[PDB]
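Take a look at the following structure, please.
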Amino acid sequence: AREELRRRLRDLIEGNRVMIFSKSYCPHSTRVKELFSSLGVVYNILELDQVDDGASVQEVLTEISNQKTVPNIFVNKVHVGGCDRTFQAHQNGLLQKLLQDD
């Protein structure tokens, strides 16, 4: 079933222009999402700690970035990075242009 779940985590990027994953008590991964809001753009808030499949959903997600947290930054069916990219591109203007279109 691990494939069935992951299949949804990869589609969530297409079903939503901007989607970010996080948890209940996991810093760094939550802040990256707070940036979008301040970017005058809209995004979806999803917490693997409150999801029924928080075990698997986060099992395949945590690997996406292989980080203690579940940081997921992907807008317009593209990868941003985070922990340096999502933060830099913001002040660099590479992010504002992404969330706006690309």
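So what is the 222 nm mean residue ellipticity for the chain from helices alone, if each DSSP H run of at least 4 adds -39500 (n - 2.57) and you divide by all residues, rounding to the nearest 500 deg cm²/dmol? Before the final figure, lay out the partial values.
Values: 5 runs with 47 residues, N = 102.
Only helices count here, giving -13000 deg cm²/dmol.
If the viscosity is 0.890 mPa s and the temperature 25 °C, what translational diffusion coefficient in µm²/s does Stokes-Einstein give for the chain when Rh comes from Kirkwood over Cα pairs?
Details: Rh = 13.6 Å.
Diffusion coefficient, whole number: 181 µm²/s.
Read-outs: derived from the displayed coordinates by stated rules, not from any lab.
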